[PDB]
């Protein structure tokens, strides 16, 4: 038995695997915060009717591409209801961070 996955260049990912169907869009940007800090702003949108549990976290990078130590930050759970959008945010852990990346994980069934 097989399923399928389709990815778009805009960040949309859909999975269709037997009775399991998900369709989520993930994006993030950094905005300037105070005292030389950045603030990550992410958007996670479901485009499918059934509730979907997922987890997310941001990671941070400096000008060289090195990962910036981010103490006490782990994967956080969300239940996205059908067609719900959620906004997620994180303050940079130190002023050397120039960029963030948002990761989202979901269980395929």
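Residue numbers count along the first chain shown, from 1.
When the C-alpha B-factors of 66-74 and 79-87 are averaged, 79-87 comes out higher. Relative to its counterpart among 26-34 and 53-61, 26-34 has the higher mean temperature factor, C-alpha atoms as listed in the PDB entry. In this PDB entry, residue 92 carries a Cα temperature factor that places it within the lowest third of its chain's modelled residues. Ranked within its chain, residue 19 lands in the highest third, by CA B factor from the PDB record.
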